[PDB]
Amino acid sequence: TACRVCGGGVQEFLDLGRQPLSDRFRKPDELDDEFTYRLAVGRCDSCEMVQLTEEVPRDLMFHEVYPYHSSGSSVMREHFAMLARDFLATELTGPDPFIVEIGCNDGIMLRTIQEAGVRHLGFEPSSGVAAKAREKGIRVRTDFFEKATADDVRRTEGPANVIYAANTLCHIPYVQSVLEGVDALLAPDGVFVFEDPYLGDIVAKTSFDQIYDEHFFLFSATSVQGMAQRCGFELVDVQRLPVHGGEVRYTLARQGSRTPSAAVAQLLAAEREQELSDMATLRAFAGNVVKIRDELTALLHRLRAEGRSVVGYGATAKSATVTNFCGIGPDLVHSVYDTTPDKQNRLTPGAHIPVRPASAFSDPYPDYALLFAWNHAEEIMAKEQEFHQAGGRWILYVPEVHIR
């Protein structure tokens, strides 16, 4: 398997087996046939980039009915509005600024930019969520960002002061093409800023559900630094973020144009000291993944034997990994509750557990809810205080299997 960043050899360290598309929710009457692929994760020998060993073709994952709506979380809405105001105050000052967002989804970030009157363009190849962004008055192209479409925007719109990507750069195995795109499109003094699930958090929390078809890369400061350097850029800042289970926001600039913050060296040294990306570390993680599987299925089967009812909360893409790697179906978790209309009245991928609206999670409550949207715990449990007050309990599997 050749590394997508540098062409080095990739060594597997975790095999999560056959998996379905994580974001395909079937109607109950649909033929039980899904696309499957082998989900496994390796580390490049040369650049230390951790990445999947099989690419799902982009058109199978991202298209007209892609179901994830970013704006469905109040924490994430505030998180991106804050980010946008931060760019408006720093990188987008001065005359006729231009920001391009890769993966704008329903416009969660760009709405703030558009309300500031700033020129912008979102790339969103998933046309149904693109339309939700356009309804907010955001300018969006229903295209993948890559070298050619970047060139096209550079031709018609001129250079961008900021190119931003949240939870999208790690989805893209053709990252070199994206980088060439960024090189064509970014202002000489601009920044390419992206934030994605962080390898250090996944390792520390054993959050293996962060690994599924759409998550190609599990970035670290170490791998991102190498990737930037190889493509003509430089990692010039890093910021840790609590969202989505733990992320890092990386800022890249053209090489030598800005001086790296002390934060970059500090995080690099912490990764090296902790041996984050050493194969033995990544294998110990893989062994902990198996332990969490075994304890989670033991618990779920015991709850069944003791006549306790169990549901899931949040029809996350992440959960496809949990239910298929663990073999959890509707006989152990009867329904999954979710606020996304396009996921409701459908079945989860591979495991086929029915998804019902969150409004249906109500008195009489089940005994236990398996929290798939664990990265949204605070937001979710704040809205579901009555469940817990009535004696309903949460089952979490990050960072360990526990009930509370």
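Numbers for residues come from their place in the sequence shown, where the first is 1.
K.L.:
275-283 versus 252-260: which one carries the higher mean Cα B factor per the record?
P.N.:
Between 275-283 and 252-260, it is 252-260 that shows the higher mean C-alpha B-factor.
K.L.:
Comparing 340-348 with 23-31, which stretch shows the greater average C-alpha B-factor in the deposited entry?
P.N.:
Mean CA B-factor is higher for 23-31.
K.L.:
Looking at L296, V118, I172, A84, which one carries the largest C-alpha B-factor according to the PDB entry?
P.N.:
Highest CA B-factor of the listed options: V118.
K.L.:
In terms of CA temperature factor as recorded, identify the highest of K136, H79, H334, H215.
P.N.:
By C-alpha B-factor in the record, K136 ranks first.
K.L.:
Sorting the chain's CA B-factors, does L185 end up in the lowest, middle or highest third?
P.N.:
As the PDB entry reports it, the C-alpha B-factor of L185 lands in the highest third of its chain.
K.L.:
Relative to the other modelled residues of the same chain, rank the CA B-factor of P364 and answer lowest, middle or highest third.
P.N.:
For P364, whose C-alpha B-factor we compare with every modelled residue in the chain, the answer is the highest third.
K.L.:
Please rank the C-alpha B-factors of the chain's modelled residues and tell me whether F123 sits in the lowest, middle or highest third.
P.N.:
Its C-alpha B-factor, which the entry lists for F123, ranks in the middle third among residues of this chain.
K.L.:
Would you mind ranking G327 by its C-alpha B-factor against the rest of the chain and naming the third, lowest, middle or highest?
P.N.:
It belongs to the middle third of the chain when residues are ordered by C-alpha B-factor.
K.L.:
Going by the CA temperature factor in the PDB record, which third of the chain does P242 belong to: lowest, middle or highest?
P.N.:
It falls in the middle third of the chain.
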